[PDB]
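Each answer follows from the model by the rule given with it, or from the source it names; no laboratory instrument gave them. When we count neighbours, we look across all protein chains shown, and the Cβ atoms used for this are built from the backbone with ideal geometry, even at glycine.
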Amino acid sequence: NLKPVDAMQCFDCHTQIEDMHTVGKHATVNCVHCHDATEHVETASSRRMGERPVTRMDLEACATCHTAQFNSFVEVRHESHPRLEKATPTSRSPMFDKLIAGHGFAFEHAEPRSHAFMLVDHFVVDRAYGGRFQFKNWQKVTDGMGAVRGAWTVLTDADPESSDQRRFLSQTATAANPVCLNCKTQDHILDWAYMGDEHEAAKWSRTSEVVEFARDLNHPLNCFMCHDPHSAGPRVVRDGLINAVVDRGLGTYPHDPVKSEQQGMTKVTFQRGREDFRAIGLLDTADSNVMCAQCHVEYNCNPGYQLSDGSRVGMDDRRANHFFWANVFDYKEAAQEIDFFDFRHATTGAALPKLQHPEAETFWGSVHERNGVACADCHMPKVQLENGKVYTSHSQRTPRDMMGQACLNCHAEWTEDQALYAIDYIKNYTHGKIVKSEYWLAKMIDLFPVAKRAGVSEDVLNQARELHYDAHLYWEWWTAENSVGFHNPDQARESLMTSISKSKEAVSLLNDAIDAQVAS
Amino acid sequence: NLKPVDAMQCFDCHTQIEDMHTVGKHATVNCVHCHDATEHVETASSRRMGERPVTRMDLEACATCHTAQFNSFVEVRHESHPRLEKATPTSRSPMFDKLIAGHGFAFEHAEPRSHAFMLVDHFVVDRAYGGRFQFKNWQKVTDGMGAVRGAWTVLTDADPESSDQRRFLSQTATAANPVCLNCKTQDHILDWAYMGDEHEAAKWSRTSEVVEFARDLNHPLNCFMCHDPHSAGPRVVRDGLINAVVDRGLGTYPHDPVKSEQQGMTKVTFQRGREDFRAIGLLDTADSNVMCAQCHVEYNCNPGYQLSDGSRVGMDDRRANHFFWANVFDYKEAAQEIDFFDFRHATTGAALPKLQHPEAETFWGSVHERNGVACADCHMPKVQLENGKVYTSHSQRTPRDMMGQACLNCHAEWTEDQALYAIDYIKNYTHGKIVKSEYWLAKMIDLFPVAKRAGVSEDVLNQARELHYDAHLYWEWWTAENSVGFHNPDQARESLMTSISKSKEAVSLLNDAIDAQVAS
Amino acid sequence: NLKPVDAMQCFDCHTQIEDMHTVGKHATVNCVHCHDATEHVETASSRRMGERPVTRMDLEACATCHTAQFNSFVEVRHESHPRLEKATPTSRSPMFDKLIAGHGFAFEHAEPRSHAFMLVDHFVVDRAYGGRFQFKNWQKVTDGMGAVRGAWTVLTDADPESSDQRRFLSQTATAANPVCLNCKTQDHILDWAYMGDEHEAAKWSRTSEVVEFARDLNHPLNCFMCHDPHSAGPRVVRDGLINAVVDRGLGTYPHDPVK
Ligand code: HEC
Ligand code: HEC
Ligand code: HEC
Ligand code: HEC
Ligand code: HEC
Ligand code: HEC
Ligand code: HEC
Ligand code: HEC
Ligand code: HEC
Ligand code: HEC
Ligand code: HEC
Ligand code: HEC
Ligand code: HEC
Ligand code: HEC
Ligand SMILES: [Ca+2]
Ligand SMILES: [Ca+2]
């Protein structure tokens, strides 16, 4: 049984915590729920930590008083098909392997499944750790609660004796690095300096051995990623997001200065040895658009190359942890502003960006976003109970599972079937354009070896490579983005038509150049 | 409240209407239900119209006394997936973009959905009006009743100030022309001369500005397309069909002179200034095979080219509005008889036909057609009511939704699951052959650039182009035709095997010619 | 196929119908839909009917243009349990027999079922006609559409040769009388004087032989009970109601003079 500690004693040294804790809705929640600080209190001074207190980061620390939210979070949506590869004819990107050739995603890229699995899925995907980590057996893939209890309760490491990234199976990659983990867990929140920069007080950083870092991490999507444990108020903890919104002053809604001001973020910095160490972003309001944008964004979390000179940009560089915080039509400019690209296409040699799940940036400017709707309205609605205390569902899943609460409450003119039909109209239309964009990209890509072998000049190949960048960007955004156009159908339409235009331009350029070589 | 007019006064000048109206089941239906003729009657002479009476073409004009039929017609089948592109791996024609390259359908070709949407879908498809028309917002896509009330109640025009066909978005085409509208609406039935020929009394014709014509049209599938408003008797109004069956004497069942005689059509012509202007085809019987053949047929409704000399055949030519009225094995001959093809393939340069939904011509000679079954038996059956006045369902949709009334009433030996399994056997088999036909067509198409670049002779390329015509015809008929072989499975099988044979012949020809060039 | 008649000619004598028909939403609906008046027009004067025109009272006369309303009306609710006696422990009035002893309802009083059956149920109930009328067989009890087509298409009379109310089975009663029928049909609307008073022009009245009257009646709940066929406007036709509301001045809402 827990025994309370005297928080006044802590507050003597922890003024920032005092100011948060005493004012919020956790003012009566004793520190012992999450911290074991006995030896810390015996040894600390006002500027030196002394013995490190233990801080609980398990979600059960919150589930004791918030079982409803915890249970809704950990529910596994069995209809979210697991380990479903996107590069197949029946999934999101039928020609993905040809289009992404040269990139680590060619090894495996599955559709997302329920949040409980995020950390385990990150660890076991074929592109991440060379196949080092596996579930203990193939039955464990169902065990959401187990994954939440801790990744290492359900996973095995092929070689606990080594800590290097290497292939354990031939068709795997070792793309994982420490930045990835920031969107899977915040178990490292006290051990990682802001942005993963080198820091005396940080156990882990962008340049750490990711296998060793992995072994230290257990829990997915900690509840405190969106809720300050001290004030219980809304926040974000993701460094990349704070950096974009606050440090770079882009604001929470870069396209709406007024909304950015009303629904803003306040950066709170915590120090170690009186030197800035870590930060959180306190939100003005409980704005799930910004909470979900901690992870559902396009980002860099990887080494890459400079657009200017093609030189390597390694994990040690700040750019290896970066939120572009730019919609699809501002993205090329945002990548130019940091002088960065992700990979060279294996066939065309083009410098290309790699886009990932840009839901937050896609949502900006959509009809729903403009009308003050937020992710949670459709994906974590309040529960409707005939007789019950209302709480917010933490199931984070498609509104198809709860259309009454997620759509039909606003769309009184529709039945569930009508609303589903509206969704399907958009997704079907968008998917048709994605498929057409891929057809044209693939047609362009296939001409590169023919052009090279026909003696087409490097100048013409480079012209086509520049078009490839744009054709790729304006296509890939939409296979990366999870709503298949729903979050912003007009933007998807304009973008995908732009992709096709670019590819058609490249096809015509290469075809003409090949024919001119043949004629000469 | 409507006030009746004295029809005897009209009949003094309108003898044809008198002869139809006084004899049929609308003999007691007063003209005021559909015509406002007060100023007309004040100003007309026996040969000069004077002020033009207003004629209601809205479906509500009939819904007042026939609500059951109207309601069954306007029902939206939400299971008929909307805006679902056919050129995707999960739809009807996975390799459609490669195979149709050079044709406007490459811009967008979706599966059909419920009839209520036909006119709006025609207006908004990407291949039709350059993206000029859109639904007012993405919610309106569900609104069948709204579309029926009028296209312009649910659509917007990007530029009401101009009337030219142009692209408003890059990846669109402007394939629409006035002939298309004849299979979407007959709001223009009093404003369009037979076949769309130029006529002093016709506001619109094949050569009209289609954007201006579009703006004048509102209602889909008017009830009077199949039912004469004066006699209430069965008819067709579609000029192309009347022209094939009656003018060209092909008959309602070209393969069965006896059935053509028993279930025939009588052309009734109406004049303006004592000159033939428009026509209808009165049917001997209420034969839905011929009613549905007003639209569910292969047709020309577009400019094209002559097979003989390759010269352009424009909208001004009669051939731009043409029902081939020929099954797949008679089609090449029917296209030769008018010296016509649709497009040149973008890759192979072959002159090719473009086939569209030839359900009527495919149905001929099938077991069901031979046994006197008609479209309505499977797609608009009589309602079965424990206690009720029976009426004919106007829902026009797959029999899967009403298997009791559409199949099982004739097929007493089967359960619903057995009947569905029989359908699926045919569709699965046919689809497998469609996919194989496409594989071979694509393999042939891919050899054309290789052959051209290897120096293969024009004589050999032209030989392969002639094979392409046939390979394409005997494949495309079946992606165009909506039943995936069900309407005539033996014919689909023979045709698709013919396609593959033709493609294989072309592949062998080109491969050999390429190898001979390489060896020399 | 119906052939329209000259309604203006009718109106030369039928001013009341003119004032209703020409103004309402049936102004375009020709008389031939509901009346066969050819011989009537040949023989009538404004003061002498001549040949009595035939008036259709069948609901099909309306169903032709109003199929949706007709079909919703005729649907049988199979969940409305049929012939369910109220005087049982599981129904509405477990002690009904004791309490109602001395009244004809003691012989049978079932729960209501769908409107399509009202006239046939009236005819076959044990308390009404001594058991004289039965469904043609026990299968016909399902046939709502049949009952609507006409009671005598689905019922049999045990003795077509007599017209007296008598028992045909021991535990029946003969409570039916002509007034009952006013809440089952209005096929007699042109043959019954207001309230069922004796009248030279009334074939039927309160004192008629109910068995003879019964045989003349076919259709349940005629559509025109609530809708005037001439104006299409809302109405009632039930004499007892008009008498209460108008003649006795009680009004449509006796507890609310404004309403
Ligand atoms: C019991 C000892 C608790 C533990 C452990 C945690 N929380 Fe809590 N929380 C608690 C109470 C009594 C309340 C106030 C309830 C009220 O509405 O009066 C809360 C409140 C929250 C809220 C809402 C805050 C707001 O400003 O609206 C959140 C988001 C919340 N708590 C989250 C949370 C998390 C993430 C925890 C684990 C770190 C957690 N709580 C622990 C009681 C208790
Ligand atoms: C980083 C810590 C994340 C935050 C914050 C949010 N999401 Fe997320 N989401 C994340 C991952 C890594 C995954 C895939 C997990 C896996 O194992 O595959 C997801 C998944 C979703 C899904 C799909 C769920 C399913 O049933 O398939 C949805 C609908 C989703 N995420 C929505 C969402 C919303 C609305 C958020 C703010 C409340 C949110 N997520 C936060 C990573 C993270
Ligand atoms: C936050 C900005 C993220 C970083 C950095 C990484 N991931 Fe992620 N991941 C994120 C979200 C919001 C989702 C769900 C949405 C989606 O489109 O997938 C994911 C999902 C995964 C998955 C499951 C799906 C799949 O791709 O197979 C895996 C295996 C995964 N993520 C691994 C991964 C690795 C190896 C990373 C560093 C290279 C990485 N993620 C970074 C959010 C973020
Ligand atoms: C961001 C991705 C979230 C994570 C991780 C968690 N929660 Fe949450 N929570 C979130 C939102 C957007 C809201 C609603 C805010 C609003 O006012 O609209 C909530 C709400 C809570 C509450 C308040 C009571 C309620 O509304 O249900 C509690 C107690 C709460 N959440 C607890 C909770 C716990 C225990 C979590 C880990 C399992 C957890 N939250 C994760 C967003 C996010
Ligand atoms: C309602 C107006 C929505 C808002 C606001 C947000 N999203 Fe959404 N999302 C919506 C729909 C209708 C769909 C398609 C779901 C389907 O079943 O067809 C989506 C999809 C997602 C997904 C993929 C979910 C899955 O396929 O299982 C993710 C990860 C997702 N959305 C996340 C997301 C975030 C982070 C949002 C705020 C920025 C957001 N969505 C807004 C409906 C709505
Ligand atoms: C009421 C004033 C009507 C209007 C307006 C329309 N129709 Fe009609 N129709 C009406 C009647 C009374 C009948 C006869 C019913 C019977 O079976 O006796 C009809 C009949 C039809 C039929 C059946 C004809 C046949 O020969 O079997 C059709 C196909 C029909 N009506 C169609 C129709 C259409 C398309 C209308 C709008 C142009 C329309 N009707 C108007 C009454 C009325
Ligand atoms: C031209 C005026 C048509 C006539 C006459 C018929 N049909 Fe039709 N049909 C037509 C179009 C333009 C469409 C597609 C509409 C759209 O917006 O996409 C259709 C569609 C059908 C379908 C598919 C319906 C669905 O649920 O997807 C069926 C089954 C169908 N048509 C059958 C059919 C029959 C049996 C007809 C004679 C009674 C008939 N149609 C007439 C155009 C026209
Ligand atoms: C009658 C002989 C037709 C002419 C002329 C045109 N269309 Fe049509 N259309 C017709 C039918 C029977 C159907 C449904 C069956 C099917 O296979 O689609 C259609 C359907 C459409 C659709 C919806 C499906 C799609 O292709 O995306 C559209 C957008 C459409 N039709 C447009 C169109 C245009 C632009 C035309 C002139 C070039 C045209 N149609 C002519 C029948 C007939
Ligand atoms: C051809 C594509 C049709 C269109 C457009 C409309 N109807 Fe129709 N109708 C059609 C058929 C094949 C039939 C049955 C013929 C047969 O005897 O088997 C019908 C029937 C009618 C009837 C008769 C009563 C009945 O059988 O239900 C009516 C009153 C009728 N149809 C009305 C109607 C209206 C109001 C329409 C526009 C909404 C309409 N029809 C369109 C074929 C076609
Ligand atoms: C029963 C013997 C049929 C007759 C006669 C006609 N069709 Fe048909 N059709 C039939 C089946 C079993 C199917 C496949 C439906 C499925 O769900 O698998 C079809 C398909 C159509 C379609 C496409 C419908 C859709 O996919 O939603 C159309 C447009 C169609 N059929 C039209 C049509 C016409 C015009 C006919 C007379 C010439 C006709 N069909 C005859 C069954 C039967
Ligand atoms: C069915 C739709 C009808 C049409 C059209 C017309 N009439 Fe009618 N009429 C109808 C019924 C069912 C009855 C019985 C009485 C009732 O109120 O329901 C009648 C009655 C008459 C009478 C008798 C009135 C009386 O004195 O008791 C007359 C003189 C009469 N109806 C004339 C008439 C004329 C001239 C019509 C065409 C303009 C006509 N009716 C239409 C049903 C219907
Ligand atoms: C077709 C020849 C009809 C016959 C026979 C009957 N009715 Fe009718 N009715 C008809 C029309 C064209 C209209 C007007 C439709 C509109 O809204 O414009 C009507 C109207 C009615 C109404 C509504 C009247 C109102 O709102 O004021 C009712 C209640 C009605 N009709 C009833 C009715 C009955 C009971 C009939 C049998 C005696 C009947 N109608 C015959 C067309 C036709
Ligand atoms: C006299 C002509 C009636 C008028 C006018 C209405 N109702 Fe009636 N109703 C009547 C009878 C004789 C019966 C029983 C029929 C039988 O065969 O048993 C009924 C029955 C009902 C019921 C029960 C239906 C069921 O499913 O069991 C209801 C709910 C009902 N009646 C309601 C009702 C309403 C709302 C009316 C005005 C629109 C109405 N009735 C008129 C006799 C008559
Ligand atoms: C209108 C004021 C009515 C008169 C006069 C009669 N009945 Fe009736 N009946 C009426 C209604 C509204 C209902 C349904 C509601 C209910 O409580 O039953 C009925 C029902 C019947 C039934 C079926 C139920 C039953 O009692 O078995 C029968 C057999 C029946 N009515 C017969 C009947 C007889 C014999 C009448 C004259 C003595 C009689 N009804 C008068 C409305 C009215
Ligand atoms: Ca990226
Ligand atoms: Ca064609």
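Can you find even one residue in the stretch C:206-216 that is within 16 Å of ligand 11 (Cβ to nearest atom) and more than 14 Å from every other protein chain (Cβ to nearest Cβ)? Write out each step before concluding.
Step one: list which residues in the stretch C:206-216 are within 16 Å of ligand 11 (Cβ to nearest atom), which gives C:216.
Filter once more, keeping what is more than 14 Å from every other protein chain (Cβ to nearest Cβ): C:216.
Among the residues of the stretch C:206-216, at least one is within 16 Å of ligand 11 (Cβ to nearest atom) and more than 14 Å from every other protein chain (Cβ to nearest Cβ), which makes the answer yes.
Given the residues B:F96, B:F73, which is the only one that is more than 11 Å from every other protein chain (Cβ to nearest Cβ), among the aromatic types (F, W, Y) and touching a residue at least 24 places away in the same chain (Cβ under 8 Å)? Walk me through how you get there before you give the answer.
Details: B:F96 fails: more than 11 Å from every other protein chain (Cβ to nearest Cβ).
Just a single option satisfies the conditions, and that option is B:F73.
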Matching entry among B:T90, B:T64 (being surrounded by fewer than 16 Cβ atoms within 10 Å (Cβ to Cβ) and within 14 Å of chain A (Cβ to nearest Cβ)): B:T90
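Rundown of residues vs (1) touching an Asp or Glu at 6+ places or on another chain (Cβ under 9 Å); (2) in a helix (DSSP H, G or I); (3) not assigned by CATH to the domain that holds B:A214, yes/no style:
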site	(1), (2), (3)
B:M118	no, yes, no
B:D126	yes, no, no
B:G131	no, no, no
B:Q134	yes, no, no
B:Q139	yes, yes, no
B:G146	no, yes, no
B:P160	no, no, no
Go through (1) farther than 23 Å from B:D342 by Cα; (2) under 27 Å from the mean Cα position of the chain (by Cα); (3) assigned to a helix (DSSP H, G or I) one by one and return the number of the condition B:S437 breaks. (1)
Long-range neighbours under 9 Å by Cβ, at least six apart or interchain, first residue farther than 20 Å from C:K25 by Cβ and more than 8 Å from chain C (Cβ to nearest Cβ) within the stretch B:20-32, second in a loop (DSSP other than H, G, I, E, B) and acidic (D, E): B:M20/B:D228
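Would you call A:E466 among the acidic types (D, E), away from chain B (no Cβ under 12 Å) and within 33 Å of the chain's Cα centre (by Cα)? Steps first, please.
On the way: among the acidic types (D, E): yes; away from chain B (no Cβ under 12 Å): yes; within 33 Å of the chain's Cα centre (by Cα): yes.
Against the criterion (among the acidic types (D, E), away from chain B (no Cβ under 12 Å) and within 33 Å of the chain's Cα centre (by Cα)), A:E466 qualifies.
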Hey, does the stretch A:165-173 have a residue that's under 22 Å from the mean Cα position of the chain (by Cα), within 29 Å of A:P358 (Cβ to Cβ), polar (S, T, N, Q) and surrounded by 21 or more Cβ atoms within 10 Å (Cβ to Cβ)? no
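Among the residues in the stretch C:97-115, are any part of a loop (DSSP other than H, G, I, E, B) and under 17 Å from C:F213 (Cα atoms)?
Filtering the stretch C:97-115 down to residues part of a loop (DSSP other than H, G, I, E, B) leaves C:101-103, C:108-109, C:111-114.
Filter again for under 17 Å from C:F213 (Cα atoms), leaving none.
The answer is no, given that none of the residues of the stretch C:97-115 is part of a loop (DSSP other than H, G, I, E, B) and under 17 Å from C:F213 (Cα atoms).
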The stretch B:394-422: number of residues that are charged (D, E, K, R) and either on the phi > 0 side of the Ramachandran plot or in contact (Cβ under 8 Å) with a residue 60 or more places away in the chain (or both): 2
Hey, B:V179 buried (at least 20 other Cβ atoms within 10 Å of the Cβ), within 12 Å of another protein chain (Cβ to nearest Cβ), out of contact with any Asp or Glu (no Cβ under 8 Å at 6 or more places or on another chain) and touching a residue at least 12 places away in the same chain (Cβ under 8 Å) or not: no
Taking the conditions exactly as written (buried (at least 21 other Cβ atoms within 10 Å of the Cβ), more than 14 Å from chain C (Cβ to nearest Cβ) and either within 30 Å of B:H103 (Cα to Cα) or away from ligand 11 (no atom under 16 Å from the Cβ) (or both)), does B:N327 satisfy them or not? yes
In the stretch B:143-164, residue surrounded by the fewest Cβ atoms within 10 Å (Cβ to Cβ) [restricted to those that are within 14 Å of another protein chain (Cβ to nearest Cβ) and touching a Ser or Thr at 6+ places or on another chain (Cβ under 9 Å)]: B:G146
Are there any helices (runs of 4 or more DSSP H) wholly within the stretch A:1-58 with 2 or more residues that are farther than 11 Å from A:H230 by Cβ and within 16 Å of ligand 3 (Cβ to nearest atom), and if so which? none
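Answer yes or no: is there a residue in the stretch A:504-514 that is of a type in the set (D, E, K, R), buried (at least 20 other Cβ atoms within 10 Å of the Cβ) and either more than 13 Å from every other protein chain (Cβ to nearest Cβ) or more than 33 Å from the chain's Cα centre (by Cα) (or both).
Our first condition is that a residue be of a type in the set (D, E, K, R); within the stretch A:504-514, this holds for A:504-505, A:512.
Of the ones still in play, those that are also buried (at least 20 other Cβ atoms within 10 Å of the Cβ) are none.
Within the stretch A:504-514 (the criterion being of a type in the set (D, E, K, R), buried (at least 20 other Cβ atoms within 10 Å of the Cβ) and either more than 13 Å from every other protein chain (Cβ to nearest Cβ) or more than 33 Å from the chain's Cα centre (by Cα) (or both)), the answer is no, since none of the residues qualifies.
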Quick one: how many residues across the stretch C:163-192 are in a loop (DSSP other than H, G, I, E, B) and either aromatic (F, W, Y) or touching a strand residue (DSSP E or B) at 6+ places or on another chain (Cβ under 9 Å) (or both)? 7
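Matching residues to (1) within 16 Å of ligand 13 (Cβ to nearest atom); (2) under 30 Å from B:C62 (Cβ atoms):
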residue	(1), (2)
C:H66	yes, yes
C:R77	yes, no
C:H81	yes, no
C:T90	no, no
C:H103	no, no
C:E108	yes, no
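Tell me, which helices (runs of 4 or more DSSP H) lie completely within the stretch B:299-393 with 1 or more residues that are more than 22 Å from B:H472 (Cα to Cα) and touching a residue at least 40 places away in the same chain (Cβ under 8 Å)?
Numbers: elements: B:328-337, B:359-363, B:367-370, B:375-379.
The helices (runs of 4 or more DSSP H) meeting that bar are B:367-370, B:375-379.
Yes/no matrix, rows are residues, columns are (1) assigned to a loop (DSSP other than H, G, I, E, B); (2) of a type in the set (A, V, I, L, M); (3) within 14 Å of ligand 2 (Cβ to nearest atom); (4) surrounded by fewer than 20 Cβ atoms within 10 Å (Cβ to Cβ):
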{"residue": "A:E212", "(1), (2), (3), (4)": "no, no, no, yes"}
{"residue": "A:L221", "(1), (2), (3), (4)": "yes, yes, yes, no"}
{"residue": "A:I242", "(1), (2), (3), (4)": "no, yes, yes, no"}
{"residue": "A:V246", "(1), (2), (3), (4)": "no, yes, no, yes"}
{"residue": "A:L250", "(1), (2), (3), (4)": "yes, yes, no, yes"}
{"residue": "A:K267", "(1), (2), (3), (4)": "no, no, no, yes"}
Residues being in contact with a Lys or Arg (Cβ under 8 Å, 6 or more places away or on another chain) and of a type in the set (A, V, I, L, M): count how many of those fall in the stretch C:146-175. 5
For the stretch B:372-415: of the residues being closer than 16 Å to B:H115 by Cβ and of a type in the set (S, T, N, Q), which is nearest to the chain's Cα centre (by Cα)? B:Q396
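For C:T185, state whether it is within 15 Å of ligand 13 (Cβ to nearest atom), hydroxyl-bearing (S, T, Y) and closer than 18 Å to C:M225 by Cα. Outline the logic, then answer.
Working: within 15 Å of ligand 13 (Cβ to nearest atom): yes; hydroxyl-bearing (S, T, Y): yes; closer than 18 Å to C:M225 by Cα: yes.
Yes; evaluated as a whole, the condition is true for this residue.
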In the stretch A:270-298, what count of residues is obtained for those that are in a strand (DSSP E or B) and either touching a residue at least 24 places away in the same chain (Cβ under 8 Å) or within 16 Å of ligand 1 (Cβ to nearest atom) (or both)? 11
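Look through the stretch B:449-463, keep the residues that are assigned to a helix (DSSP H, G or I) and within 12 Å of chain A (Cβ to nearest Cβ), and return whichever of them is nearest to the chain's Cα centre (by Cα). So that I can check it myself, show each step before the final result.
Let us first name the residues in the stretch B:449-463 that are assigned to a helix (DSSP H, G or I), namely B:449-454, B:458-463.
Those still in the list that are within 12 Å of chain A (Cβ to nearest Cβ) too: B:449-454.
Values: B:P449: 35, B:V450: 38, B:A451: 38, B:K452: 38, B:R453: 40, B:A454: 42 Å.
Among them, the one singled out is B:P449.
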Residues of the stretch A:406-429 being touching a helix residue (DSSP H, G or I) at 6+ places or on another chain (Cβ under 7 Å) and more than 9 Å from chain B (Cβ to nearest Cβ), in sequence order, are A:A406, A:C407, A:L408, A:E416
